[PDB]
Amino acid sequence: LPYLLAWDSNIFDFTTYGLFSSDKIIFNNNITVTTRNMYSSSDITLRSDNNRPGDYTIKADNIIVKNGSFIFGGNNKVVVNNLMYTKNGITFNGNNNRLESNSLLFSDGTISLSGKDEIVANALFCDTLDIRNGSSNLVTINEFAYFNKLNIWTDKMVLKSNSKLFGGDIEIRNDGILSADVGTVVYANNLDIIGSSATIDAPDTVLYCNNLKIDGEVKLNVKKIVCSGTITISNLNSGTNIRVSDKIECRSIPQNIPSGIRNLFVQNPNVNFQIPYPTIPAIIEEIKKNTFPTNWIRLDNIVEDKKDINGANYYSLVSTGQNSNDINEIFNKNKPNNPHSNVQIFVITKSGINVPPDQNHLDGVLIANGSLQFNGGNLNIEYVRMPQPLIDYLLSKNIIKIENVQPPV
């Protein structure tokens, strides 16, 4: 069942994607995207929202950045119901951003906050989670975070009830705050808490580490610490702000402990633990395989242009990219000065797609082997399923393949 976390067979169905690029997706200021699935190979870049009328910048079921990062620009609000995956990280800029991930957030890279940024996650996997820049950040964990490195150097990370941290090393310094509710557990290799403002406020939490380093009059309020390796203490003279309601159980009680906390320590030379790391979800395994996405979407199978799959409320284009102007030509079928008469637009192309700056409302799908670049802002994008005659065409040419994918067991 942990193997099936965030499994979504529509990931492999390219008729469920509103935006796809085999290179980059470059947004512009004040774009609001409502989509089902979105894929990019290289980076997806947002710009700052300084005049965005929407509740959200992007609302999606799934966002996948197979060979790139996801870059925030400022005041962007992103909601991903199922999974957000990036290879190379998630980089917050500009402050005031929000990322809401309701099942799985996974990066092979660094997730880095800027200040006044919020992440609300259920399961989170990453190489490094940086809560260091600015102040008034908030990373809330509903199930777990699993990481090689967690740096908390400002406010804050909250562990909701019964959630877990799986490290990796954890380093809290400067104004770093880790707060944790009932039933929480923290596992780490190295756990370092440095200075008089570094805080763990987790009175019901058990912390397991190999090495524990405390430098200064840290603020620790926890239930139990287990240390199987070495406890290194320095600049610790009173320990007034170290509260441990059960015990610090450790392989070797360290020398020169202040007398007022000496009581806390209990020596157990055999103390040991084996961290019960979550398995990598099957969906992530499959996304990372070289079969994805080209088993199911093959833009190189576009060997002819198809320009007559149009209807009363839509225009389509399947383009080899030989004619530069065909893409401007389809976009000009939508007058931005006439809202109620908006028609749907479906573009599938071996070229990139540069969306003209006068577009302000697009319903449909944009699928490009080159980059997808919005040359303007102040635009609302909403996914609409491709018309059936277009899907049938794409399938006939094996530009897409739809397979009866099932969750593995």
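Sequential numbering from 1, following the sequence displayed.
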Inset, instruction - Could you check the entry and say whether 349-357 or 57-65 has the higher mean CA B-factor? - result: 349-357
Inset, instruction - Decide which of the stretches 135-143 and 334-342 has the higher mean C-alpha B-factor, going by the entry. - result: 334-342
Inset, instruction - By the entry's C-alpha temperature factors, tell me which of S101, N148, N75, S196 sits highest. - result: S196
Legend entry - Out of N97, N290, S107, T91, highest CA B-factor residue: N290
Legend entry - Entry-reported Cα temperature factor of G376, expressed as the chain third it lands in: highest
Legend entry - Within-chain third of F125 by Cα B-factor, per the entry: lowest
Inset, instruction - Taking the values exactly as deposited, rank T45 by C-alpha B-factor within its chain and report the matching third: lowest, middle or highest. - result: middle
Legend entry - For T86, the third of its chain into which the C-alpha B factor falls: lowest
Inset, instruction - Can you work out whether the C-alpha temperature factor of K164 puts it in the lowest, middle or highest third of the chain? - result: middle
